[PDB]
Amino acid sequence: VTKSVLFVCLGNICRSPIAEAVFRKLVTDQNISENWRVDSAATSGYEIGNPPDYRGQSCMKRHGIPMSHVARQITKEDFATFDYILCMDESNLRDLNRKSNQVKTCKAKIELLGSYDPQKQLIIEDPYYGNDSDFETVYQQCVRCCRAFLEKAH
């Protein structure tokens, strides 16, 4: 059957849209995009409707990675339909775990995306109050973690 992954951050503007776009390009480059449902969402409603932070778009454009998204908040349905929910920081994880204990069906495994990093940079830190170099770090983390996740899901 199709496999699915939902990347999650607080606002779904800085971090999770990059993770989604990196993963989608990885599976498309490996001829298996059709086997995956890939998405991103927010724990909060703070940015609903908005495209990714344009600093993130600038970073993705440098790297040649297509990125298009409209921010949305995670829903109770997403816990039933996704195989994996991969989030950025421990505050996301606590939030997601709280929301997941409010539904009947939680198929998803809920984990830090950085738990996949061979370099063991566990937290993908919010770059909103940082600079271009922070978005670049987020990017690099997502490239390492997404490849590892694709090679062997936990």
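Residue numbers run from 1 along the displayed sequence.
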Comparing average C-alpha B factors as deposited, tell me which of 21-29 and 8-16 sits higher. 21-29
Return whichever of 124-132 and 100-108 has the greater mean Cα B factor according to the PDB record. 100-108
Highest recorded Cα temperature factor - choice among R94, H63, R55, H69: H63
At the C-alpha atoms, which of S40, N35, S44, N50 reaches the highest B-factor in this entry? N35
Third of the chain's Cα B-factor distribution that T75 belongs to, per the entry: highest
